[PDB]
Structure formats: structure tokens, C-alpha cells
Protein chains: 2
Amino acid sequence: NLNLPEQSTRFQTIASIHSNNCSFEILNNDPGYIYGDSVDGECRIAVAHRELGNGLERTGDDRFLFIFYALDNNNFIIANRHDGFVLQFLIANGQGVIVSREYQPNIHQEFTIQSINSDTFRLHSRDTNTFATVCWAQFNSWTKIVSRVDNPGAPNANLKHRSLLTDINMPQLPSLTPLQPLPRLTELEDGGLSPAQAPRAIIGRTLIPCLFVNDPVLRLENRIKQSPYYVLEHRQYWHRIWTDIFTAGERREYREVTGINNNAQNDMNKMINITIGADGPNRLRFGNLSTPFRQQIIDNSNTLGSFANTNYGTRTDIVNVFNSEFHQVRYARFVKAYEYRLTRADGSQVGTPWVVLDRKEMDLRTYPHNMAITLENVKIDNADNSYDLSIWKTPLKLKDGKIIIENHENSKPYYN
Amino acid sequence: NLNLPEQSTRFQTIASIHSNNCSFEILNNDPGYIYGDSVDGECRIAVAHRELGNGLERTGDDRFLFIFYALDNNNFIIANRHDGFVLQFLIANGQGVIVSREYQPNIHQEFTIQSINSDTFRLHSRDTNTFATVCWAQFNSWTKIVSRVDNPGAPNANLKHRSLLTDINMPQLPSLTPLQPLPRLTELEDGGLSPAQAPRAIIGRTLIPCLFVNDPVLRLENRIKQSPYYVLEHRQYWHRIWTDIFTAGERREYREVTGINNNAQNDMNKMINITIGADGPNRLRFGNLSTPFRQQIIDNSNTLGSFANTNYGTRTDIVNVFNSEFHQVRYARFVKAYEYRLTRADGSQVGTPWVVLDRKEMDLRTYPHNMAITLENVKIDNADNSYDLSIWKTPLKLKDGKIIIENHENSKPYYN
């Protein structure tokens, strides 16, 4: 069940309904460029870099093919298959024109579709109250695409899709799967599942427009052809932080590193213009590039918006544990991990996944079964920030198979 | 499976972290009202209708309890449990104050949560760049709530939630279920399932804030207590438009009324500020009240945004059918129906469901099995608008059990 309009899952040409054979064409022209077919005046001379032409449509020419990326506000960013640049309204020399520019974004790159009937639409620039059509209604002539206000005798702005491309390398989305509890340990030598072995649950997944994915290998002009969307997965797994055999009454100390490293956050920001906020492992902060899509990203990834002005960082806790059983016992300690993975349309991974270890949700496995270790003491060794400086209230009994989640009753500030 | 911030699924009080016992309190005061505890000046006299007080928190008093409705842009509308009015920034006599007003909406009713740490936040009015706090930092005094720009002298604007109400009558969302094909007919006397009897598939469901649900029986002050969210269901079913026994070679004429009537659309608009656009039975148009929540509504209801400037209307087709079998045959003809149903948190239905009959997706049941009727001719008798004036290419064989969906090959404009 994909909740996207048909314009967002294909490429299409755009043509005046009054043109026999012409469609909107991406040009790399400069001011002063001459449209040879045009009558003299403002329709004959280019006034801006990268105007659009009323060009004789060539089948399989990427300069005529556009994909409509759906914004949360029901407007579209319209990208071409030739170089991945987007349409933009522009005034140059007092003429309203359509040009192609790199995705910024800005309000002049947002277009509204107005469907008049089943097969006829208008392309509306809501900020300026203008509609895209062919200069001076020269519908069968080589000339520029303009954007003009409704007036008696304004050029007719009724448009259609002349041709479609439906084979566009849409990704095949993974199925959602639930997070299973870890298996019980089978003997003293069983350390449980290491992080590399732990099965991932797929909690959510969303399409991400290629425009703001800084793929280290694929430039924009190749991303728009091979991977017009990327997939962001929200995965969860149980992450083993340590395991050891304890003799009866044995005391041990561990350094537990949780959270997410600053370098991973910087990588995520550079790649997709999203970071994990300090308010939770599933809380997303959006930059200027990803903001226009944020509610779709949240809804489909099964994450929440962050309210923090700080990114999630790392924390090192010193934990003192005591084997309060009079048996030799294998203990394996796990925290919940949130794993964000980005893939291309072909399923290839773009980089190392971004992982947040959540210190607030913890499980234990023992052999023999149903043993309990005592958490005697917790101390913060260091933290990257002061956003969350809660620690466990100790002493705390950790029992085989029992998930513990932080609340107001079992935690306190570190200096109390 | 509920993708909302914790502030959206509970009521909470709002207090300065510097106040021992006081929280934000809804007042029904007028200009010239005296805050008795306040020092003399702008903090002692009310300047607007319905200022907020710094009041000694009373446990279980609805005048202190707020729910945060989450907008698509990550801001909030903040409604109180006493009368369902929302917080708003206002300038009166050159003083920035917080008042309560009916949901409009306007940009001054939108608040940003800025989390400083785990339990501390600021309430930001982004338009004015102001933060809500207690007048002249009189944190333990009866006085008004102001909203002021950050400046060296400015009263500290760090807030917390003093108390929560978690038992708020959240609705229980129904499970999604797929649309089953209709059963086969068992005998000549079997007319198939009538619209009242046909099983509904639940394709989607969404929460709707109570603020803009014009419940005919529950006024706002009672909706916010009993049903702070309503549920909108997107259901589908197979809708029988006619059934008859035909003798061998019998010809009949039916008037088939499809779409949705103007009175149902006006009712839906009055109730929830949504209508069905003419571009499809699952295509929603949003008014001023519902627009700020549109992407959440679309994502959870499994509908699409409409691009039409006209609502879906009715169409009356005259259909001529011919029993081309040399047997007596029972025929039952069905079109796909889209049914939008609104319920309160207690599961009670708010009114008659809104139904769109889709003429473009049609099924047939026969007895005996595997018979085929001939669709000789279709003509449009009348339509409310000119958005869709396609008809079936005739003659067309309709076969038992075969769903037919309109495409470019099996349909034409009505004048061809």
C-alpha cells in the first residue's frame, strides 16, 4: 500500500493540449539565445539561464521526462531525468518564465497540480498566482515556457501528459517484521547472539527522493535514472554489550558505551539531511532539504519528530555487578539498538548503517535459566552532552528474560 | 502502532520550573480584571479577554489540563479540557500575552516545543520569536502568562509538566481487513447481498482532533472530555445496483445512479471540513480547519490528496442489457463503494456514512453460474459536472465473477 499519486511513481512529458507534437524540454541555454520559429518580441530571446523550450517530443529523450515528488503540503517538486534539476518560477526582465535549477528548496520550486478533468491539468505557482504554458500561445512553434496570471486572452494554460515512462527503477520495499525476544542460552559456553548475528526487525521503511541523497558514488544525473528514490529502513535488534561466566558471589566492573557517535550523526546529516535528536533513539531532526517531506518520512518510518536542539551523543557508564547466586552463572547483557539503513533502488547499501544503542531498554540472558545478577552501582564516566543525565536507582536485580525500561521510579539524577 | 508524541495522547499541566505550586490556568476574565498578588504595573491588570493565570494547581481541575494536537509541520495546537479553546499569542496594549480562543486556525495558535533536556522545555511562538512564562518572573504569585523575546533581563521561560492525566478516552482503532469477492449465488431466487448486508473491508482509519468535528449532539466543552479524538474509517464494499431474473433473450433498461450526492458532500464538509474530489472516490479535499493535519489523515486513512477544484458528484447512466443466453438467468450487478464512517471514542456512530459509488469498477453474479449478459448500450442521462464523461465501449460481455475496471481500451468519450 503506497500512498503516492501516480505522477510520483513514473516519469511523464508535459504538453499544451493545443500543441500537435511539442512538449516541455530542458535546455542548457544562456540569455540572448534565439528561438528561431518565434515571432519577434519577448518570446524570441532567452532572458534567463536554463529556460524550457516548446520542443518536438523525442521518444526516450530524458530532456522531456519529469517526475513529481509529493510534498507534505500537496505541492510538487518537478525533476527532469536528464540532469535531476527541478522546475522553478523566475522573473527576469519583467517576464515570468519556467527555468530548471538545483533543488534548494524554495517556494518558487513548488508547483500545484489543478486537475480540470480526467486528462487535463494546469501547473500553478501559488506564490505568484501564475500558470505554465507556451509563450504567446505559439503552441506548434519552438519558443520558451512562460508562467502568466489569468487574463482574458492570456495563452490557454490547459496541459496533458503526452507520453509516460513506467519502468523507472522503483525500489521493492521490505516487509515489516516484529522484534522477537532473544533465545534462552543452552549452556555455560553459550554467550548468546553477538550484534553481527542478532536478527533485525523491520519496524518501518520510507522512500526518500534522490534529490537530497548525497550518494558518495552516484552523481545526481545518474541517481535520477537508476535510483529516483532511496529506501530508509528503521530496524531494531538486541545488542549484546557484554557476556561472562561469574563464580558464586563474584563482583565485576564493565564500561558500557551507549548512544551514537558524533561521526555517525555527521555522516547521516551529510547523506540525507536527518540526525537523531537527543530526546530519543527514534526522534528525527530534519534540515532544510528533508523538512518538506518530514510527515511522510515519520509516518512511513514509524519514527517521531524530535523537539531537541541537540543531537543524540555517546555516554560511557561504569557498572558494578554482583553474582548474588551461589552458582557459577553465564550472564549476557543486551540493550535495544535502533539501526537506520539506506539502500538504492537495486537494494545496494549506500554506507555503514547508523546505530543508536538505547541504555534505557535492557534485557538479560542467563545459564542456568532464571538466575538474577545485582546491579550494585552505576556512575557516568563521561557524556558528549548534558541532555539526559539519569542513572539507574541501585541496587537493582536484573532477572533472566525480564526487559527493564527506564521510568521515574527506577532512575534518578547522577548526583543524587 | 500509534505514531504520536506523548503530549498528544494525554492531558498535562504546564508550570514554570521556578514555581513551587503554580501552573497555567484558563480564565474567563475581561480587561481591567485585577491579579491581587501581583506587584503594580502591566502584570496586575488584564489587557485582553481570556488571559491565562499563574494559578495554584488543583488536582483534577480541567482549567489546568492541556492536550497538544500534533500538526504536519511539527508544531502544536494546545487545547484545554475545561472548554476546548486553544492557546494563542496576542498583542494587547503593546504587551505580548497568551490567551485562549476558539480554534481558527491561525499562525498565532501554533506553538513549537523546544526541549532543553529530558524534563524541561520552552513554548515558542515562531512567528513572533517569543516564549511563554509568568509576568515579571512572579513565579509563586497570582498574575498573567506572557510571551516575551529572549533578552538579558527577560523572565526565565523554562517549563515542565507538573501533573498528567493518562485516562483520556483514546479510541480503540479497528483492525485493517481486505475486501473479499462476493459469494456465488445459490439459486434463481438468490438476489445476492444487498448494500446493508455486504461485508465492509477496513482499508484505513485515522484519528481526527475533536476541535473541528461539528458533532451534532456533543458541544466542544463535552467533546474534549469524552472524545478528544474521533475516528474516520475508509471502508470499501461491493454495492448491488440491481438484480432481476431474465427470460431467454430478454432486453431491459436500467437507470444507474453513481457517485455521491451534493447533500452528502455538504454534510461531510460541515462535519469534518473534508470533501471527496472529482478525481477519484479515495481523493480528499481539505478546508482551512483540516489542512494542518492533511498528511497524517492521508497516510493513516490510505487515501490520496485531490488535485480537483470540483467535488465528486452524481451521474445517471441509462444502461441497456440483453440476456444473450437461451436460459432463464438471475443477474446481480455490483459497483465498488467507498464508505467513510465517523465514530466517537466510545465507538458510537456520529451520523450516516458518506458513500461514493465508483462506476469504473464493476462485478457480476449469475445463477446458473458462468452466464454472461450483454451490455448493448450506455448513455449519460445527466451529470452534476463535466470532470468524467467517459462511457463503456459497447457491446460489452459481462461474465459471472469477472471484475471490469475502466481503462483506455474499454471506454470512450460519450459523443463517440
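Below, each value reflects all heavy atoms present in this structure, side chains not excepted, and no hydrogens, waters or symmetry copies. Every chain is numbered from 1 and lettered A, B, ... according to where its sequence line falls, protein lines coming before strand lines.
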Could you have a look at B:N302, B:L4, B:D388 and say which one has the most heavy-atom pairs with chain A under 4.5 angstrom? B:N302
Assess the side chains of [X] and [Y]: does a donor N or O sit below 3.5 Å from an acceptor N or O?
| X | Y | value |
| --- | --- | --- |
| A:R205 | A:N300 | no |
| B:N73 | B:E110 | yes |
| B:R283 | B:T275 | no |

Counting only heavy atoms closer than 4.5 Å, note whether [X] contacts chain B via side chain, backbone, both or neither.
| X | value |
| --- | --- |
| A:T303 | backbone |
| A:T291 | neither |
| A:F293 | neither |
| A:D299 | both |
| A:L71 | backbone |
| A:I116 | both |

What part of [X] gets within 4.5 angstrom of chain A, counting heavy atoms only: side chain, backbone, both, or neither?
| X | value |
| --- | --- |
| B:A308 | both |
| B:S306 | backbone |
| B:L304 | side chain |

Centres of the B:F76 and A:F307 rings: under 6.0 Å? yes
Between B:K393 and B:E409, does any side-chain N to carboxylate O distance fall below 4.0 Å? no
Any salt bridge between A:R285 and A:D279, counting N to O under 4.0 Å? no
A:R10 versus A:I67, closest heavy-atom pair with distance: O-CG1, 3.4 Å
